[PDB]
Amino acid sequence: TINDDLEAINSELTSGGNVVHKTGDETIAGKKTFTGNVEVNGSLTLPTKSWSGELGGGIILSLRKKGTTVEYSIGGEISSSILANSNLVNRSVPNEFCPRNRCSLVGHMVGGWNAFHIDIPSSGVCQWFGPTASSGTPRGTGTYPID
Amino acid sequence: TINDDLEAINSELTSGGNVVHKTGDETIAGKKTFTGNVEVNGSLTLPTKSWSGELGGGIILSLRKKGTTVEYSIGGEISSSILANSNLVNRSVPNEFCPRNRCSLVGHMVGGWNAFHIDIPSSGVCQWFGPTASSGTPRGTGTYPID
Amino acid sequence: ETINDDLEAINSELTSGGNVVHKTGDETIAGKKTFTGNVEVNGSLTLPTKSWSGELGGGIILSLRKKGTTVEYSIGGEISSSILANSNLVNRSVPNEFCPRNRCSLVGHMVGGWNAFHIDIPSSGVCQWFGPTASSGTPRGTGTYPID
Numbered sequence: 017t018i019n020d021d022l023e024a025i026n027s028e029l030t031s032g033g034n035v036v037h038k039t040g041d042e043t044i045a046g047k048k049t050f051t052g053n054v055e056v057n058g059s060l061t062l063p064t065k066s067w068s069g070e071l072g073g074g075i076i077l078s079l080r081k082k083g084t085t086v087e088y089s090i091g092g093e094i095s096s097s098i099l100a101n102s103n104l105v106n107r108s109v110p111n112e113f114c115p116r117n118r119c120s121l122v123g124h125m126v127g128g129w130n131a132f133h134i135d136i137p138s139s140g141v142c143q144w145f146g147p148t149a150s151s152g153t154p155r156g157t158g159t160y161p162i163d
Numbered sequence: 017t018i019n020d021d022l023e024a025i026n027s028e029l030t031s032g033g034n035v036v037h038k039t040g041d042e043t044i045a046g047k048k049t050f051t052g053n054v055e056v057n058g059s060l061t062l063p064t065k066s067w068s069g070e071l072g073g074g075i076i077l078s079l080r081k082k083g084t085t086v087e088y089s090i091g092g093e094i095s096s097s098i099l100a101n102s103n104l105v106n107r108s109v110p111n112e113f114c115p116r117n118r119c120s121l122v123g124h125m126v127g128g129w130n131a132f133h134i135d136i137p138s139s140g141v142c143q144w145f146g147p148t149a150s151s152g153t154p155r156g157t158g159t160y161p162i163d
Numbered sequence: 016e017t018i019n020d021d022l023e024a025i026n027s028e029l030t031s032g033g034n035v036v037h038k039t040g041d042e043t044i045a046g047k048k049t050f051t052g053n054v055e056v057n058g059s060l061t062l063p064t065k066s067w068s069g070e071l072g073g074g075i076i077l078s079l080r081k082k083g084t085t086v087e088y089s090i091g092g093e094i095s096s097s098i099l100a101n102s103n104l105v106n107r108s109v110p111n112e113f114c115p116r117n118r119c120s121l122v123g124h125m126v127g128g129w130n131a132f133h134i135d136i137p138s139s140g141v142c143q144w145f146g147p148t149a150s151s152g153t154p155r156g157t158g159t160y161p162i163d
């Protein structure tokens, strides 16, 4: 009957089926391109992964990728002589956190005016571009892009 | 009439009702999980809040949270002796802007080669990790995560 | 009849196409969409992107990529002539599209020692050097600033 057809269609308009609704928890497949403005009042969750390791010389790099941006924080303490303009060779940054282009991450040494930077190239073999140093507490928080 | 039933259904499928459409400004409740890729051509807007305050010693920290990322801008002008490795005790960063993990925000002093950093711990009691300084113009723009 | 003509159209749009967003399919969606709840994206989330690179002045190169209203920067090049403290960098301005509403200070570091500087991008895009007067060295630094 026409009533039976309408009833089933009405159901789809309310919830379920293959239509996205203005209410309800829903899972949505397909590439969705929004051409206007999108606002999210709740949380926005993207794929995330974290890693932390000692790059070299006592310097620790802690990373968290959210989509295609990596959050970094530099930690640790210089506990052996790190030579000027040298490769940090204890651990490389894993491939999933390596950028397409070399990024230069600026940091600061606790208690004075001294700054350094560490490069992360696409290989993940990071490089120290301060001078030769054998002590101190390096710090710095920021982001770099993966893409 | 059956035709009126059918036409009212069609109306819902083209605007309004509980259906999300490919045109029109719409408000959408429920947890929506996109299992594929999403592209936004307009703006993407997340919950946003701003705060600025004098942490201590003439240093002003200006913050704007967008979702779970905080944009920071270090400003002001040193107006008293800010001691090396010191708590900034004029104003704490409000809880809403305090990170889960202590972040180190690298800055630079106008007119020379001098860098510092300011830590924002989970408590919001910020700390200056330059050396003792009683003058200068501190600056630096970046981000840190809340989560 | 008219009934089946109507039901054809309705059934069609309930499955794909039409002006309905579906739980499958590659679709383009116009209008401001406000999600009052939580949103998760399991794939990629892509925003409008544009890139620009130019020599600001004195050999210093700024490479920029805007993703939405955030600009990714990387400082490059090499100081190859005298740049005075507090001076405008007048070889190239940052294009309007990448200029911030609020002045940003981009901290950098000079290769091989402990020296830091910063470069401001004012709303005008006429960048300013806030290191000391300098005529040599390799400036670097990667970060972000907001346009809005």
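These protein sequences, in sequence, are chains A, C and B.
Heads up, the first sequence is in the deposited numbering, so the first residue is 17 and it goes up one at a time.
Heads up, the second sequence is in the deposited numbering, so the first residue is 17 and it goes up one at a time.
Heads up, the third sequence is in the deposited numbering, so the first residue is 16 and it goes up one at a time.
Beta carbons are placed, not taken as given, at the ideal position from N, Cα and C, and that holds for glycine.
Assuming residue i contacts residue j (C-beta within less than 8 Å), just tell me the rounded distance between them.
i: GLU93(A); j: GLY74(A); result: 5 Å
i: residue 3(B); j: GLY58(A); result: Summary: the structure shown does not reach residue 3(B), with chain B confined to residues 16 through 163, and so no result is reported for it.
i: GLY91(C); j: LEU62(C); result: Not really, about 24 Å apart at Cβ, beyond 8 Å.
i: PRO147(B); j: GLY123(B); result: Not confirmed; about 13 Å, so no contact.
i: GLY140(B); j: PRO161(B); result: Not confirmed; about 15 Å, so no contact.
i: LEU79(C); j: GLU87(C); result: 7 Å
i: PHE145(B); j: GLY127(C); result: 7 Å
i: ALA45(B); j: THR39(C); result: 5 Å
i: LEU22(B); j: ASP21(A); result: 6 Å
i: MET125(A); j: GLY158(A); result: Actually they do not touch by this definition, with Cβ atoms about 16 Å apart.
i: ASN26(C); j: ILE25(B); result: 6 Å
i: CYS142(A); j: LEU29(A); result: About 56 Å; that fails the 8 Å criterion.
i: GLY52(B); j: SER120(A); result: Contact flag wrong, Cβ pair sits at about 39 Å.
i: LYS65(A); j: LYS47(A); result: Not quite, the Cβ-Cβ distance comes to about 23 Å (not below 8 Å), so this is no contact.
i: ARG118(C); j: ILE136(C); result: 7 Å
i: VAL35(C); j: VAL56(B); result: Contact flag wrong, Cβ pair sits at about 21 Å.
i: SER138(B); j: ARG116(B); result: 7 Å
Output the boundary residues of the beta strand (DSSP E) element that contains residue i.
i: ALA149(C); result: Careful: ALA149(C) lies outside any beta strand (DSSP E) and carries neither H nor E.
i: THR159(C); result: 154-161
i: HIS133(A); result: 131-136
Name the DSSP beta bridge partners of residue i, please?
i: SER95(A); result: According to DSSP, which records beta bridges pairwise, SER95(A) is partnered with nothing at all.
i: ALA100(C); result: DSSP, once it has assigned bridges, lists no residue as partnering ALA100(C).
i: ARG116(C); result: In DSSP, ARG116(C) forms no bridge with anything.
i: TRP67(C); result: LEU79(C)
i: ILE44(B); result: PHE50(A)
i: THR85(A); result: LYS82(A) and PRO161(A)
i: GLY33(C); result: Per DSSP, none; premise fails for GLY33(C).
i: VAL56(A); result: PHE50(B)
i: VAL105(B); result: Its beta-bridge partners do not exist; DSSP assigns none.
i: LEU121(B); result: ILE134(B)
i: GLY72(C); result: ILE75(C)
i: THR61(B); result: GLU55(C)
Which bits of chain D does residue i rub up against, with CB to CB less than 7 Å?
i: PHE50(B); result: Note that chain D does not occur in the displayed structure, where the protein chains are A, C and B.
Could you spell out the range, first to last residue, of the alpha helix (DSSP H) harbouring residue i?
i: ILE25(A); result: 18-30
Given 6 Å as the limit, tell me if residue i has its C-beta closer than that to any heavy atom belonging to the ligand NAD.
i: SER59(A); result: Ligands in the displayed structure: none, and consequently the ligand NAD is not present.
**Study point:** Where the stretch 55-71 of chain A meets chain C: residues whose CB sits under 9 Å from a CB there
**Key:** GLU55, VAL56, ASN57, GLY58, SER59, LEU60 and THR61
Exercise for review: For the stretch 90-110 of chain A, enumerate the residues whose C-beta is nearer than 8 Å to any C-beta of chain B, in chain order.
Suggested key: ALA100 and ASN101
Practice item. Output, in sequence order along the chain, the residues in the stretch 149-162 of chain B whose CB is closer than 7 Å to any CB in chain A. Key: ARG155, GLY156, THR157, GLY158 and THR159
**Study point:** Residues of the stretch 117-147 of chain C whose Cβ lies closer than 8 Å to any Cβ of chain B, in chain order
**Key:** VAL122, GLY123, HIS124, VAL126, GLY127, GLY128, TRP129, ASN130 and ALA131
**Study point:** Within 8 Å of chain C by C-beta, residues of the stretch 16-31 of chain B in sequence order
**Key:** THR17, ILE18, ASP21, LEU22, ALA24, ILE25, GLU28 and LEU29
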